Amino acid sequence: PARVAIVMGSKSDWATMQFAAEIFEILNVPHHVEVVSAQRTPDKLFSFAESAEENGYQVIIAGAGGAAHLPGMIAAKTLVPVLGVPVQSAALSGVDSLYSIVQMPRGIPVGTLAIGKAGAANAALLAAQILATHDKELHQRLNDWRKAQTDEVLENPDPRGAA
C-alpha cells in the first residue's frame, strides 16, 4: 500500500512535483498523487488531512507556490508528518513560497525543502529515508541510490571536454 501522498495546490505545480514522483518510481515506493488546494478546495483539504492516518499515509509531501498555505493547513489537521516544497513563483522566485511554508509558529511543524524541483526530489528522498527506518528493503535501495550518485561524481573528476 501507498505510505506517502504527494499533494499540490494546482495542476501547474506538477511541473515541479513530478520530480518527487520520479524519486519514488526509482526507489519503487508506492505513492498517491493528488491536487488539493487549501484555497480552492478547503473542505477537501480538511477531509484529506483528517483521513490520512486511516488511509495509511506515514508521510505527506505538499507543494505550493505563492502564499503557500497547503502544507501548514494539512499539518494543522493531522499528526502524519508533512514535508513542504516551495514552488518557484513568477515575481518572487519562490521566496514567498519558502517563507509561507517554513516560518510555521511553535506547535504545528512542516519540514521544508529547497525551492523548486530540487526540493521536490529531496522531499521524496527524505520521505523515503523516514520510511526506510522500518523497511530494510527500501533502506537498501536508498543506500544503492546514494552510492550510485557518489560513484557518478567519483568516476568523473575532470569537468573539462575530453582530451
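Quick note: we count residues from 1 along the sequence shown, nothing fancier.
Per the PDB record, residue ranking by Cα B-factor puts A91 in the highest third of the chain. Annotation for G116: CA B-factor lies in the middle third of the chain's modelled residues. When the modelled residues of the chain are ordered by their C-alpha B factor, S47 lands in the highest third.
Per the deposited record, the Cα B-factor of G63 falls in the lowest third when ranked against the other modelled residues of its chain.
Placement of the Cα temperature factor of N55 within the chain: highest third of the modelled residues, per the deposited record.
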